[PDB]
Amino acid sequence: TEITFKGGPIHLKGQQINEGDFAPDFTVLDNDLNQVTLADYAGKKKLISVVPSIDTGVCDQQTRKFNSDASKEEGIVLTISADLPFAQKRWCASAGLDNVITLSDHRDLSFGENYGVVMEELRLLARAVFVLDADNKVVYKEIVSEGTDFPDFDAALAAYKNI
């Protein structure tokens, strides 16, 4: 439940989700402010990429890398953050991509509290990756020890590709 951000200590708030666990449901907002839950993606595997903010460089590169390198005819790549939906929509437009799913946890921190990734001091989500199988079993998890560092892309992408 303890990480660092920019070198300073950060306490993670919420339920601890571990590999082998059943992944919890949640409620977030799409870019048009429709509510979205795990049920929208039933029957597919999911790479859930969690970032502090898509308007920062590391998070931007993480979102692009996972969306470029992971296949999407086999499953879903979700980006979840505390950015407002309006920032996420603008982000997709400015990147010139129309194939990228961004979801906002800003209103309730439903996702962050259910997955244990709320940086309590900042009201931002901790940099993390969760890989869910098509049965929403958590097959792979990383919470990045220092939030300004990149995640292990290759480990997460491999877990996702291999189901």
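Residue numbers run from 1 along the displayed sequence.
In this entry, 66-74 shows the higher mean Cα temperature factor of the pair 66-74 and 22-30. For the pair 132-140 and 43-51, the mean Cα B-factor is higher in 132-140. Remark: of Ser104, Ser110, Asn99, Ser94, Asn99 shows the highest value [criterion: C-alpha B-factor in the PDB entry]. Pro9 sits in the highest third of its chain by CA B factor, as recorded in the PDB entry.
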